[PDB]
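Below you'll find the structure, written out as structure tokens, and then a few comments.
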There are 2 protein chains.
Amino acid sequence: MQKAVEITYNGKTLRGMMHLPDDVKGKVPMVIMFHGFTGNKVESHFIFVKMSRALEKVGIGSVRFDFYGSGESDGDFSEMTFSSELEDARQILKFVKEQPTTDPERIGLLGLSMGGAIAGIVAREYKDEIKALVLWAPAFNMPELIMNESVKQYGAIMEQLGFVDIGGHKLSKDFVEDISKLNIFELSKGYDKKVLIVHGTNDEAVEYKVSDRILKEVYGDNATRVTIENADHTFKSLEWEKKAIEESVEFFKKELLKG
Amino acid sequence: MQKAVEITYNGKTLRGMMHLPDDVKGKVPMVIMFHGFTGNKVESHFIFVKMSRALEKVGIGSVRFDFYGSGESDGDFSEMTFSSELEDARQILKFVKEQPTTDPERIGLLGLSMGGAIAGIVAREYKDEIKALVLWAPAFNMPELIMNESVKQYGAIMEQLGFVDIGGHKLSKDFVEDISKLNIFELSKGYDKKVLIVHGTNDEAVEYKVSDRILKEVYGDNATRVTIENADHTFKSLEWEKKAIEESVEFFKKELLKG
Ligand SMILES: CCCCCCCCCC
């Protein structure tokens, strides 16, 4: 089953999609999915929609919302900061916990790229009530990526206009100010439940090396990695996305439907 | 106001969004928006969403749905053909005409890229009940574009396995066969009401020359062209998308709110 949903808080409306399995009644595991920077709840080549459908077939529900300033949700992209998306995510978790079909002890988080950074942070903040975590090419070095640009052209453009054009999106100076103060690696450290990282070797947006840091610096033996050979950042082929979705579904089926 | 909407016909469910202006009540002009090949109802850098919001402010509502096989709607991409998207468009027009806030004589069509080809055809099929037409880089040469793509890129796999991977999407042989039988220029010819074409000069997906053909071969003096200098296919900058949205909003404001 697929139904559209909304959240309204602080005068902000988030719009999303909720998937519940047709077969099983009662309370079910739920996966919350976080899209990345300039992405949206559907994500690249619909990989999020696919994931939800692949999950409901194993009796796992899911919700996917567009962050404020993106896609179907209200707001201008210029109003968005990483911290504001964090607050959106805290409200989304609250919404999932309020649904009468949600099993409170079976809630997982999934995040792609910058959504992986968010998912990491949220996982830590609620480490005792988030059952499992999947990270897809998680952009934990996002602060560093924004910082390096200070000496390049986007830095000079930001210094002059207070915003930059990243391809039909207005990236505010407020985002640079906000993100410069955060260390995703440290803010994600301390999550003890099982973690799955899926990463491509040819990822030219978040290099594969980043995942090594996460394995070394953020988690212990509870974290494991699926390497998708030859894959680009968003797993943009049928075989690459099939591998990502199947490994992640099996991880959530093992980790959420056991407890 | 923005609300999620659905259509179900012949065992298929389409999912979309409906925008109505808050201040004006009664029947209002309505714009139907058609996304392009591998796109979705939000479209590139949220330009469709923005276009809907810009329309609300001038008292024009809108609907944007994902075609069957894309985005939030049902179905796999392999099930989609150009003709199935035409049938979806006919059902979406039907849906708009059933809404009690729709002024039946004030319905306009907008299409981007392959969706513009959709709009061009639908406008002709309903030439007496479609009040105005906007085409954004309309891909009337889509049969030729796909034919060139098979000959140079797809290859034997299409014959051996029946499909090709176009970037996380399974493009079926049926689409190639179906689209080869259609002439978008001929099927759109005969629409007499006002038409706006917006096109970028550096468009590398649908060459600017195509718009020249549409002005000469498809429409008469009822058609007008806004050229956006240096712009790419989806007008992917703040300046380019502002120009496209404002020109289209003022065109729909003049042509739907008159007569
Ligand atoms: C991976 C991030 C791509 C966009 C970065 C833009 C940097 C702006 C700095 C002023």
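Residue names in the structure tokens use chain letters A, B, ... in the order shown, residue numbers from 1 in each chain, and ligand numbers from 1 in the order shown.
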When DSSP works through the backbone of this structure, what residues of region 74-235 of chain A end up as alpha helix (DSSP H), shown as a VMD selection string? chain A and resid 82 to 98 114 to 125 142 to 148 153 to 161 173 to 179 184 to 188 208 to 217
Please list as a PDB file with N, CA and C atoms, in the first residue's frame every residue within 10 Å of residue 224 (chain B), counting only C-alpha atoms and excluding residues in the same chain fewer than 6 positions away.
```pdb
ATOM      1  N   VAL B 134       1.829  25.716 -23.734  1.00  0.00           N
ATOM      2  CA  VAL B 134       3.218  26.100 -23.496  1.00  0.00           C
ATOM      3  C   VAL B 134       4.112  24.887 -23.719  1.00  0.00           C
ATOM      4  N   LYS B 194      -3.547  29.899 -28.965  1.00  0.00           N
ATOM      5  CA  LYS B 194      -2.232  30.487 -28.732  1.00  0.00           C
ATOM      6  C   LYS B 194      -1.238  29.457 -28.200  1.00  0.00           C
ATOM      7  N   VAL B 195       0.013  29.573 -28.644  1.00  0.00           N
ATOM      8  CA  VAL B 195       1.071  28.638 -28.294  1.00  0.00           C
ATOM      9  C   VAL B 195       2.322  29.424 -27.921  1.00  0.00           C
ATOM     10  N   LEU B 196       2.993  29.002 -26.849  1.00  0.00           N
ATOM     11  CA  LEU B 196       4.276  29.561 -26.438  1.00  0.00           C
ATOM     12  C   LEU B 196       5.322  28.458 -26.422  1.00  0.00           C
ATOM     13  N   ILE B 197       6.446  28.702 -27.092  1.00  0.00           N
ATOM     14  CA  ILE B 197       7.599  27.816 -27.061  1.00  0.00           C
ATOM     15  C   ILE B 197       8.724  28.544 -26.353  1.00  0.00           C
ATOM     16  N   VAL B 198       9.301  27.920 -25.334  1.00  0.00           N
ATOM     17  CA  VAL B 198      10.462  28.474 -24.648  1.00  0.00           C
ATOM     18  C   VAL B 198      11.637  27.555 -24.938  1.00  0.00           C
ATOM     19  N   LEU B 215       7.988  26.152 -35.415  1.00  0.00           N
ATOM     20  CA  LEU B 215       7.394  27.402 -35.864  1.00  0.00           C
ATOM     21  C   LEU B 215       7.021  27.326 -37.335  1.00  0.00           C
ATOM     22  N   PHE B 251       2.286  34.403 -20.072  1.00  0.00           N
ATOM     23  CA  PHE B 251       1.548  33.855 -21.210  1.00  0.00           C
ATOM     24  C   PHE B 251       0.242  33.193 -20.767  1.00  0.00           C
TER      25      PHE B 251
END
```
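Closest approach to chain A among B:212, B:217, B:105, B:165 is made by B:165 (distances from only C-alpha atoms).
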Could the residues of chain B within 6 Å of chain A, counting only C-alpha atoms, be given as a PyMOL selection string, please? chain B and resi 45-46+71+167-168+236-238
Got a sec to check which residues lie within 10 Å of ligand 1, using only C-alpha atoms and all ligand atoms, and send them as number ranges by chain? A: 37-38, 113-114, 139, 141-159, 162-167, 171-173, 175-177, 204-206
Enumerate, as a PyMOL selection string, the complete set of residues in region 14-246 of chain B that a backbone-based DSSP assignment places in strand (DSSP E). chain B and resi 14-19+28-34+61-65+102-112+132-136+163-165+170-172+195-200+223-228
Next, dump the selected residues to file, keeping only C-alpha atoms, as an mmCIF file, in the first residue's frame.
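Below is the file that was written, part09.cif:
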```
data_model
loop_
_atom_site.group_PDB
_atom_site.id
_atom_site.type_symbol
_atom_site.label_atom_id
_atom_site.label_comp_id
_atom_site.auth_asym_id
_atom_site.auth_seq_id
_atom_site.Cartn_x
_atom_site.Cartn_y
_atom_site.Cartn_z
ATOM 1 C CA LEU B 14 -1.040 7.652 -11.195
ATOM 2 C CA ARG B 15 0.103 9.873 -8.344
ATOM 3 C CA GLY B 16 0.353 13.638 -8.537
ATOM 4 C CA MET B 17 -0.076 17.080 -6.988
ATOM 5 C CA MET B 18 -2.814 19.688 -7.369
ATOM 6 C CA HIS B 19 -2.294 23.409 -6.704
ATOM 7 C CA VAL B 28 -10.330 28.927 -11.906
ATOM 8 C CA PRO B 29 -8.001 28.368 -14.854
ATOM 9 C CA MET B 30 -6.007 25.136 -14.613
ATOM 10 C CA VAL B 31 -2.661 24.135 -16.144
ATOM 11 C CA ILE B 32 -1.677 20.496 -16.740
ATOM 12 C CA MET B 33 2.082 19.845 -16.716
ATOM 13 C CA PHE B 34 3.813 16.918 -18.493
ATOM 14 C CA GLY B 61 -4.206 26.275 -10.528
ATOM 15 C CA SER B 62 -2.250 23.314 -11.812
ATOM 16 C CA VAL B 63 -1.861 19.535 -11.762
ATOM 17 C CA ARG B 64 1.371 17.580 -12.145
ATOM 18 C CA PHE B 65 1.332 13.771 -12.159
ATOM 19 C CA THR B 102 -11.894 23.691 -12.775
ATOM 20 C CA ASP B 103 -13.132 26.246 -15.309
ATOM 21 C CA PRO B 104 -13.626 23.911 -18.302
ATOM 22 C CA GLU B 105 -12.936 26.672 -20.850
ATOM 23 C CA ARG B 106 -9.738 27.729 -19.056
ATOM 24 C CA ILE B 107 -7.511 24.646 -19.317
ATOM 25 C CA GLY B 108 -3.919 24.926 -20.541
ATOM 26 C CA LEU B 109 -1.152 22.429 -21.263
ATOM 27 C CA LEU B 110 2.557 22.657 -20.462
ATOM 28 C CA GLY B 111 5.172 20.069 -21.357
ATOM 29 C CA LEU B 112 8.947 19.806 -20.943
ATOM 30 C CA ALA B 132 -3.562 27.553 -24.428
ATOM 31 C CA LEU B 133 -0.301 25.623 -24.919
ATOM 32 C CA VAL B 134 3.218 26.100 -23.496
ATOM 33 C CA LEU B 135 6.140 24.016 -24.804
ATOM 34 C CA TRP B 136 9.477 23.947 -22.907
ATOM 35 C CA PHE B 163 15.874 -4.023 -23.265
ATOM 36 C CA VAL B 164 18.672 -1.553 -22.575
ATOM 37 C CA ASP B 165 19.871 0.120 -19.384
ATOM 38 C CA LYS B 170 15.065 -0.477 -18.121
ATOM 39 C CA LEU B 171 14.069 0.827 -21.564
ATOM 40 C CA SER B 172 12.007 -1.883 -23.301
ATOM 41 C CA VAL B 195 1.071 28.638 -28.294
ATOM 42 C CA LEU B 196 4.276 29.561 -26.438
ATOM 43 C CA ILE B 197 7.599 27.816 -27.061
ATOM 44 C CA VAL B 198 10.462 28.474 -24.648
ATOM 45 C CA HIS B 199 13.850 27.249 -25.811
ATOM 46 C CA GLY B 200 17.510 27.661 -24.857
ATOM 47 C CA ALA B 223 2.611 30.446 -31.919
ATOM 48 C CA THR B 224 5.356 32.557 -30.326
ATOM 49 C CA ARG B 225 8.880 31.731 -29.136
ATOM 50 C CA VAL B 226 10.802 33.009 -26.130
ATOM 51 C CA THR B 227 14.509 32.370 -26.650
ATOM 52 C CA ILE B 228 16.673 32.182 -23.529
#
```
Computed gap from CA of residue 88 (chain A) to CA of residue 11 (chain A) is 12.1 Å
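With only C-alpha atoms as the atoms that count, the residue of A:248, A:52, A:183, A:188 with the shortest distance to residue 20 (chain A) is A:52.
From CA of residue 116 (chain B) back to CA of residue 36 (chain B), the distance works out to 7.5 Å.
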note - CA of residue 182 (chain A) and CA of residue 86 (chain A) are separated by 12.0 Å
Which polymer residues have any atom within 7 Å of an atom of residue 117 (chain B), counting only C-alpha atoms, with same-chain residues fewer than 5 positions away left out, as JSON, numbers by chain? {"B": [138, 139, 140, 184]}
Could you write out the selected residues, including N, CA, C and O atoms, as an mmCIF file, in the first residue's frame?
```cif
data_model
loop_
_atom_site.group_PDB
_atom_site.id
_atom_site.type_symbol
_atom_site.label_atom_id
_atom_site.label_comp_id
_atom_site.auth_asym_id
_atom_site.auth_seq_id
_atom_site.Cartn_x
_atom_site.Cartn_y
_atom_site.Cartn_z
ATOM 1 N N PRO B 138 10.503 21.579 -26.465
ATOM 2 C CA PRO B 138 9.702 20.388 -26.782
ATOM 3 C C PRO B 138 10.443 19.458 -27.730
ATOM 4 O O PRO B 138 10.978 19.882 -28.761
ATOM 5 N N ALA B 139 10.465 18.179 -27.376
ATOM 6 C CA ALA B 139 11.257 17.198 -28.117
ATOM 7 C C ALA B 139 10.441 16.507 -29.209
ATOM 8 O O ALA B 139 10.208 15.295 -29.167
ATOM 9 N N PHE B 140 10.009 17.294 -30.202
ATOM 10 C CA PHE B 140 9.257 16.720 -31.316
ATOM 11 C C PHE B 140 10.080 15.744 -32.160
ATOM 12 O O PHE B 140 9.489 14.934 -32.882
ATOM 13 N N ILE B 184 5.633 13.387 -34.323
ATOM 14 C CA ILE B 184 5.100 14.355 -33.369
ATOM 15 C C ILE B 184 4.715 15.646 -34.081
ATOM 16 O O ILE B 184 3.720 16.298 -33.726
#
```
